[PDB]
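Q: Submitted below is the structure of interest, expressed as structure tokens.
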Amino acid sequence: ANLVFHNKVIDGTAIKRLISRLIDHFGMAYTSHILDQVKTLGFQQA
Amino acid sequence: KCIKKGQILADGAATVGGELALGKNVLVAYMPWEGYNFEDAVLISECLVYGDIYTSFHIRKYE
């Protein structure tokens with residue numbers, strides 16, 4: 001998968017932009033699974 | 001025990017030693033815990049259950 005490598009910081013407006021690009025590129029079924037994984041990662045790190 | 005007029009004799013419910021007592025003092029930490037305290041959700045220990053810390057009596061009248 002040709003995902004860009006972010007290397008600075010992921011705040012609220014950055015994650016919203018990434019999700020919209022993931023939806024437009026991968027579709028909603030993929031992004032729905034990505035959202036579940038990213039949500040799990042955020043809870044675990046918090 | 002000697003008593004003056006107007007001094008306490010017995011404690012009612014939610015009253016200890018002549019003071020309103022509506023709750024319990026419990027050990028608390030403020031931190032996120034895996035989303036189980038997301039927003040106003042609260043995570044608790046089993047010791048509050050089997051310790052009977054927050055057990056209450058409820059009398060229902062059927063007529």
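Quick note on naming: the chains in the structure tokens go A, B, ... in the order shown, residues restart at 1 in each chain, and ligands are numbered from 1 in order of appearance.
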Find the residues around residue 27 (chain B) up to 12 Å (only C-alpha atoms counted), leave out those fewer than 5 positions away in its own chain, and share them as an MDAnalysis selection string.
A: chainID B and resid 44:45 47:48 53
Q: Select all residues from chain B having any atom no more than 12 Å from an atom of chain A (counting only C-alpha atoms, ignoring ligands), output as a list in words.
A: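 Putting it all together, I get residues 31, 32, 33, 34, 35, 36, 37 and 38 of chain B.
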Q: Would you give me, as a PyMOL selection string, the residues in chain B that DSSP reads as alpha helix (DSSP H)?
A: chain B and resi 47-50
Q: Give me every strand (DSSP E) residue in chain B, going by DSSP on the backbone, as a list in words.
A: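 Selecting the strand (DSSP E) positions of chain B gives residues 15, 16, 19 and 20 of chain B.
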Q: If you keep N, CA, C and O atoms, can you produce a file of those selected residues as a PDB file, in the first residue's frame?
A:
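Contents of out.pdb, as written:
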```pdb
ATOM      1  N   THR B  15     -26.425   9.037  57.903  1.00  0.00           N
ATOM      2  CA  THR B  15     -26.003   9.933  58.973  1.00  0.00           C
ATOM      3  C   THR B  15     -25.080   9.157  59.900  1.00  0.00           C
ATOM      4  O   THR B  15     -25.454   8.086  60.388  1.00  0.00           O
ATOM      5  N   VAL B  16     -23.873   9.677  60.114  1.00  0.00           N
ATOM      6  CA  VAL B  16     -22.893   9.088  61.021  1.00  0.00           C
ATOM      7  C   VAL B  16     -22.477  10.157  62.014  1.00  0.00           C
ATOM      8  O   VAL B  16     -21.998  11.224  61.612  1.00  0.00           O
ATOM      9  N   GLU B  19     -23.742  13.745  61.385  1.00  0.00           N
ATOM     10  CA  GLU B  19     -23.374  14.413  60.149  1.00  0.00           C
ATOM     11  C   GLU B  19     -24.018  13.695  58.977  1.00  0.00           C
ATOM     12  O   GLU B  19     -24.086  12.463  58.956  1.00  0.00           O
ATOM     13  N   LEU B  20     -24.493  14.469  58.009  1.00  0.00           N
ATOM     14  CA  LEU B  20     -24.978  13.890  56.767  1.00  0.00           C
ATOM     15  C   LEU B  20     -23.863  13.092  56.105  1.00  0.00           C
ATOM     16  O   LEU B  20     -22.732  13.568  55.982  1.00  0.00           O
TER      17      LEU B  20
END
```
Q: Which of these, A:15, A:29, A:22, A:38, has the shortest distance to residue 2 (chain A) once you count only C-alpha atoms?
A: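 Of A:15, A:29, A:22, A:38, the one nearest residue 2 (chain A), counting only C-alpha atoms, is A:22.
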Q: One decimal, in Å: what's the spacing between CA of residue 28 (chain B) and CA of residue 43 (chain B)?
A: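 CA of residue 28 (chain B) sits 10.0 Å away from CA of residue 43 (chain B).
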Q: Quick one: distance from CA of residue 29 (chain B) to CA of residue 52 (chain B) in Å, one decimal?
A: 20.4 Å
Q: Please, what distance in Å, to one decimal, runs between CA of residue 59 (chain B) and CA of residue 14 (chain B)?
A: 15.8 Å
Q: I'd like the contact shell of residue 13 (chain B) - 12 Å cut-off, only C-alpha atoms, skipping same-chain residues fewer than 3 positions apart - returned as a PyMOL selection string.
A: chain B and resi 10+16-23+56-57
